[PDB]
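Excluded from the calculations below are hydrogen atoms, water molecules and symmetry mates; all remaining heavy atoms, backbone and side chain alike, are included. Protein chains get the first letters and strands the later ones, always in sequence-line order, with residue 1 at the start of each.
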Amino acid sequence: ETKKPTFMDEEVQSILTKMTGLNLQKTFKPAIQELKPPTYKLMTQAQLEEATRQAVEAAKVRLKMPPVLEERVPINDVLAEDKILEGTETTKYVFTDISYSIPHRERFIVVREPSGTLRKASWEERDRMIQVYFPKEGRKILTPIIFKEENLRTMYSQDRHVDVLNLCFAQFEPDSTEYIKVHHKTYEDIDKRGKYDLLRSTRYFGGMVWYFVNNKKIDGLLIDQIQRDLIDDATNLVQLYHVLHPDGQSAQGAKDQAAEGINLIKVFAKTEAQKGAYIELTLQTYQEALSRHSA
Amino acid sequence: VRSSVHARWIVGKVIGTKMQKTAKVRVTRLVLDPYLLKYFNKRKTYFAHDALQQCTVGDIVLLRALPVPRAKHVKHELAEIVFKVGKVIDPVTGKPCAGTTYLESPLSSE
Amino acid sequence: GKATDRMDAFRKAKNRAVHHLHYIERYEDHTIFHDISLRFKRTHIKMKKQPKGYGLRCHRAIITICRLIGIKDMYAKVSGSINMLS
Amino acid sequence: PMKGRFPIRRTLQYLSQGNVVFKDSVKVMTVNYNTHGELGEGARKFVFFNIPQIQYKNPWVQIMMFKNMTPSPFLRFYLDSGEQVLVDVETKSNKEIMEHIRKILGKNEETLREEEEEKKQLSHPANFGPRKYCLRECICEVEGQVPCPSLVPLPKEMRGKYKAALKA
RNA sequence: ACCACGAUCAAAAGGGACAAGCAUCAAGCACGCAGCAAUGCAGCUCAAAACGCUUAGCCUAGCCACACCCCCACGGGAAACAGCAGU
Ligand code: FES
Ligand SMILES: [K+]
Ligand SMILES: [Mg+2]
Ligand SMILES: [Mg+2]
Ligand SMILES: [Mg+2]
Ligand SMILES: [Mg+2]
Ligand SMILES: [Mg+2]
Ligand SMILES: [Mg+2]
Ligand SMILES: [Mg+2]
Ligand SMILES: [Mg+2]
């Protein structure tokens with residue numbers, strides 16, 4: 001009938017890509033690593049514009065948003081219950097099919113329990129066995145302690161939210177419970193302190209916006225965009241909000257009033273926005289500075 | 001098509017015709033000098049069966065491997081004379097030439 | 001500096017050197033602008049531009065002179081005659 | 001310095017920059033070129049710059065050169081089936097010659113990508129053995145598993161010196 | 001299991017490739033080819049190192065060689081740890 005868009009829809013990806021922005025200086029920040037002597041080229045004005053164009057293309061690949069997945073369902077499937085083996089072993093066996101050309105989500109990984117049961121391995125056992133035999137660079141078999149609540153607050157105090165998301169992406173799977181828990185705790189810390197600029201020009205901004213829109217908490221990000229003269233982004237944020245909440249007070253108000261442009265932010269600020277008063281004030285200040293520049 | 005001979009097709013220069021129905025052919029290959037990383041010619045001798053005794057010392061020939069060696073050192077046969085000595089036919093135009101000069105102009109037959 | 005006494009030679013040398021000063025261009029105030037390869041008489045010197053943190057990996061006399069110039073990162077190799085003045 | 005003109009040719013980096021990898025049918029490649037003449041200039045640069053790169057990527061293909069045997073330069077390839085491929089190169093540059101032979105007798109980028117993948121199957125990450133062949137030598141290197149006794153002494157209960165002592 | 005007109009593994013045989021030093025080792029001396037055969041031709045290798053002397057286990061997931069000596073082992077000399085421990 002009428003399906004609500006997904007994160008990977010072409011319309012949603014285009015909106016979130018523009019809201020993210022593309023800053024070559026931040027996307028290609030100098031990395032602290034083993035260095036080599038740089039090379040030099042003599043370029044005309046046209047060759048330089050072409051080299052800058054290729055850098056923008058390489059940046060749009062680096063800003064590719066990871067897909068937002070729902071939490072995976074636990075695995076609980078018994079293949080056999082060989083009761084004759086009960087009490088013959090004290091430790092369980094973990095059998096991993098290491099056939100090279102098989103997707104990791106299609107590999108059979110089973111466990112023979114001391115009770116004689118042959119069951120499929122759980123998601124946590126799977127990702128651990130896959131790292132044992134197919135070690136991925138940046139991933140650890142034992143969960144690093146950085147992901148403890150006490151150590152994440154230290155990372156947030158230093159405004160290293162992107163590092164937390166880079167660590168989480170390398171350690172956990174996108175549909176894992178640990179992955180979703182860490183991403184949501186990082187998004188919530190950014191919303192509480194208004195640190196939305198830390199994720200701009202990164203591949204994690206779209207996932208953060210997707211989280212605020214679904215949980216109906218875009219007031220903070222909307223205020224941040226107006227204070228930075230990003231009304232084109234602030235207007236798309238309200239439109240994306242109406243698209244994902246069609247049967248809402250704001251979405252209807254925009255239809256009844258045929259609101260467009262800045263008018264959408266006013267309709268949203270009065271109906272569904274929780275900080276409606278602070279949005280009208282922040283929006284009023286913007287229109288003033290825009291009039292002074294016009295005059 | 002199978003054959004127990006290693007070198008299936010090779011081009012070489014005839015350097016001897018003193019054996020009956022056998023042409024002695026010098027074959028050169030480029031071999032990389034590992035230290036200098038420069039290619040140098042490495043030559044090897046092959047005996048080729050020439051049933052019609054049509055090979056002349058100095059002509060360039062194409063050798064085809066035999067299914068099995070017909071003698072201790074005869075593992076190939078004359079498949080084609082590429083460049084007859086002193087009687088070259090330009091493959092690009094099909095006209096006879098003497099070095100870098102035509103003996104019959106390509107314009108003769110249009 | 002030349003003199004019968006060593007301290008007199010020290011005085012002459014350092015007082016004269018300050019009147020024969022070069023100016024050395026430095027890339028980002030820590031290395032040279034490009035690889036330098038030259039021969040002076042029979043002494044060969046090959047210098048390489050290096051990134052930050054590389055340090056001075058050079059003949060000990062070149063290290064001393066680099067610290068006076070203000071070069072922090074460079075590689076140098078000396079071949080042929082190792083004549084200090086050359 | 002390195003001897004000769006264009007010493008870059010005598011470096012492994014330059015030799016590996018060849019993009020011509022002949023199909024399995026190519027067995028011999030003869031090169032007929034002239035030492036003098038403006039119309040044979042591209043063929044001379046081809047012999048000077050590219051033949052080393054071709055031979056490096058095709059070590060088992062015989063390459064033989066011939067000087068001043070005909071009025072114009074040309075390449076000729078001899079295939080395993082007995083077919084011969086004549087390529088007229090007069091007036092062409094050495095780059096146009098390399099692009100031509102790559103199109104008619106070179107393996108495409110797809111065929112080469114596949115071959116590289118079939119090689120990666122020979123070094124399975126899950127296998128244990130010497131560093132020359134495997135990433136890890138022993139399972140004790142995997143975090144969480146019982147470490148090597150040479151680094152962390154095993155508990156007395158897991159050692160035969162004290163298992164037999166108690167049992168005996 | 002048995003046949004596998006197959007796969008795997010791998011001899012013998014054929015082709016190719018494959019250590020170091022000495023050229024004051026420069027020639028080797030039958031080392032080739034044709035023919036169904038009879039037999040005919042006189043060729044074959046070599047300074048791009050033949051032929052020869054000397055040294056050495058090797059290219060190490062391991063491989064090669066040897067197994068008291070006479071390269072071999074009918075035979076002979078002779079009576080065997082280069083399996084472990086030991087002298
Ligand atoms: S090397 Fe793994 S137990 Fe010793
Ligand atoms: K023996
Ligand atoms: Mg064999
Ligand atoms: Mg000599
Ligand atoms: Mg002597
Ligand atoms: Mg020898
Ligand atoms: Mg020995
Ligand atoms: Mg003994
Ligand atoms: Mg014996
Ligand atoms: Mg013993």
Side-chain angles (χ1 to χ4, degrees), chain A residues 98-100 133 135, chain B residues 1-79 81, chain D residues 10 22 24-29 51-52 55-67 78 80 82 118-142 148 150 160 164:
Chain A
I98 55 162
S99 299
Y100 184 80
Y133 302 111
Chain B
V1 182
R2 285 290 178 184
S3 177
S4 55
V5 175
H6 180 74
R8 296 176 60 85
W9 296 92
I10 50 183
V11 172
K13 185 179 193 174
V14 175
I15 55 165
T17 57
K18 295 167 176 162
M19 288 176 287
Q20 287 187 7
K21 302 196 189 74
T22 301
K24 189 158 62 176
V25 182
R26 172 165 289 164
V27 173
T28 67
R29 299 177 175 91
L30 297 181
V31 175
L32 183 64
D33 183 308
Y35 179 76
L36 303 177
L37 294 181
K38 184 178 187 299
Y39 277 100
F40 293 90
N41 288 330
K42 182 181 177 189
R43 58 197 183 185
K44 181 176 182 180
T45 302
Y46 293 84
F47 295 180
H49 185 58
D50 188 7
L52 301 178
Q53 303 239 40
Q54 58 185 106
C55 291
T56 299
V57 167
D59 56 11
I60 311 305
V61 296
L62 176 68
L63 307 185
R64 189 197 301 103
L66 297 168
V68 301
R70 83 193 313 279
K72 181 176 179 181
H73 295 289
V74 184
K75 307 165 284 168
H76 297 77
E77 59 177 2
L78 176 67
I81 298 180
Chain D
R10 299 190 296 106
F22 291 131
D24 299 326
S25 58
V26 180
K27 299 294 174 184
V28 182
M29 173 184 176
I51 285 293
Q55 189 69 90
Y56 187 75
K57 294 295 189 187
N58 307 271
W60 313 129
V61 174
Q62 185 197 1
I63 301 180
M64 191 176 276
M65 266 71 69
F66 300 103
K67 285 178 169 182
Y78 299 83
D80 192 7
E118 306 304 340
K119 285 182 165 185
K120 294 170 61 175
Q121 188 172 23
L122 305 182
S123 56
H124 201 302
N127 293 343
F128 294 92
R131 285 284 196 270
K132 169 174 175 179
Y133 307 104
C134 303
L135 301 170
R136 298 159 293 184
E137 300 178 16
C138 189
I139 194 69
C140 66
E141 304 178 20
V142 184
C148 182
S150 68

If you sort sugars by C1'-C2'-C3'-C4', with positive as north and negative as south, where does [N] go?
N: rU54(E); result: north
N: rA67(E); result: south
N: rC72(E); result: south
N: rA7(E); result: north
N: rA42(E); result: south

> Is any side-chain heavy atom of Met65(D) closer than 4.5 Å to a side-chain heavy atom of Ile63(D)?
Replying inline: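 Answer yes - side chains close enough.
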
>> Does any part of the side chain of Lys24(B), heavy atoms only, come nearer than 4.5 Å to the side chain of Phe47(B), both counted from C-beta?
In response: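 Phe47(B) vs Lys24(B): side chains touch.
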
Under a 3.5 Å cut-off for both contacts, is [N] paired Watson-Crick or G-U wobble with anything, and if yes, with which nucleotide?
N: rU8(E); result: none
N: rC72(E); result: none
N: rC44(E); result: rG28(E)
N: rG16(E); result: none
N: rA37(E); result: none
N: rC51(E); result: none
N: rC58(E); result: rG62(E)

Looking only at atom [atom1], what distance separates [N] and [M], rounded to whole Å?
N: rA85(E); M: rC66(E); atom1: P; value: 26 Å
N: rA50(E); M: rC31(E); atom1: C1'; value: 10 Å
N: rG76(E); M: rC46(E); atom1: P; value: 47 Å
N: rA82(E); M: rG57(E); atom1: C1'; value: 14 Å
N: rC51(E); M: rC58(E); atom1: P; value: 23 Å
N: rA49(E); M: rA20(E); atom1: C1'; value: 16 Å
N: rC25(E); M: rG15(E); atom1: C1'; value: 31 Å
N: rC84(E); M: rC64(E); atom1: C1'; value: 26 Å

When you compare the pyrimidine-type six-membered rings of [N] and the adjacent [M], are the centres under 5.5 angstrom apart while the planes stay under 30 degrees?
N: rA65(E); M: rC66(E); result: yes
N: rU55(E); M: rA56(E); result: yes
N: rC84(E); M: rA85(E); result: yes
N: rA19(E); M: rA20(E); result: yes
N: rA78(E); M: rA79(E); result: yes

Nearest whole angstrom, please: distance from the [atom2] of [N] to the [atom1] of [X].
X: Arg26(B); N: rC44(E); atom1: CZ; atom2: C1'; answer: 14 Å
X: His76(B); N: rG16(E); atom1: NE2; atom2: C1'; answer: 10 Å
X: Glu77(B); N: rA34(E); atom1: CD; atom2: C1'; answer: 16 Å
X: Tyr46(B); N: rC33(E); atom1: OH; atom2: P; answer: 16 Å
X: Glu137(D); N: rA61(E); atom1: CD; atom2: P; answer: 13 Å
X: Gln20(B); N: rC44(E); atom1: CD; atom2: P; answer: 12 Å
X: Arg2(B); N: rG14(E); atom1: CZ; atom2: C1'; answer: 15 Å

> Does the pair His49(B) and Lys21(B) meet the rule for a side chain to side chain contact (heavy atoms under 4.5 Å, CB included), with working shown?
Replying inline: CA-CA 6 Å; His49(B) 185 58; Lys21(B) 302 196 189 74; 4.0 Å; yes

Would you say [X]'s side chain and [Y]'s backbone share a donor-acceptor pair under 3.5 angstrom?
X: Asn58(D); Y: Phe22(D); value: yes
X: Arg10(D); Y: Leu36(B); value: yes
X: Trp9(B); Y: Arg64(B); value: no

>> Please classify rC9(E) as syn or anti, treating any glycosidic angle within 90° of 0 as syn.
In response: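 Anti conformation here, the glycosidic angle of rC9(E) being more than 90° from 0.
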
Within the structure, does a side-chain N or O atom of [X] lie under 4.0 Å from either OP1 or OP2 of [N]?
X: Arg8(B); N: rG16(E); answer: no
X: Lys132(D); N: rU60(E); answer: yes
X: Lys72(B); N: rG32(E); answer: yes
X: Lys24(B); N: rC44(E); answer: yes

> So, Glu77(B) and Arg8(B), do they make that salt bridge, N to O below 4.0 Å?
Replying inline: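 Judged by the 4.0 Å cut-off on N to carboxylate O distance, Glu77(B) and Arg8(B) do not form a salt bridge.
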
Which nucleotide in [options] has an atom nearest any side-chain atom of [X]:
X: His6(B); options: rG43(E), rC33(E), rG15(E); result: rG15(E)
X: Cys134(D); options: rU45(E), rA34(E), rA61(E); result: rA61(E)
X: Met19(B); options: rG15(E), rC33(E), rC18(E); result: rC33(E)
X: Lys75(B); options: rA34(E), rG16(E), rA61(E); result: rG16(E)

Reckon [X] touches a base, only the sugar-phosphate, or nothing at all at heavy-atom distances under 4.0 Å?
X: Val68(B); answer: nothing
X: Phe40(B); answer: nothing
X: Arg70(B); answer: sugar-phosphate
X: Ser4(B); answer: base

>> Under 6.0 Å from the ring centre and within 45 degrees of the ring axis: does the NZ or CZ of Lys38(B) meet both conditions for the six-membered ring of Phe40(B)?
In response: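 Yes - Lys38(B) lies over the ring of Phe40(B), closer than 6.0 Å to its centre and within 45° of its axis.
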
>> Exactly one of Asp50(B), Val11(B), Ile10(B), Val14(B) should register a side chain to side chain contact (heavy atoms under 4.5 Å, CB included) with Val61(B). Which one does?
In response: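 By the side chain to side chain contact (heavy atoms under 4.5 Å, CB included) criterion, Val61(B) pairs with just one of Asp50(B), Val11(B), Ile10(B), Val14(B): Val14(B).
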
> Considering heavy-atom distances to RNA chain E, does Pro69(B) or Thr45(B) have its closest nucleotide positioned more toward the 5' end?
Replying inline: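 Result of the comparison: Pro69(B).
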
>> With nearest nucleotide decided by heavy atoms, which residue, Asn41(B) or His73(B), maps closer to the 5′ end of RNA chain E?
In response: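 With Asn41(B) and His73(B) compared, the 5'-side residue is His73(B).
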
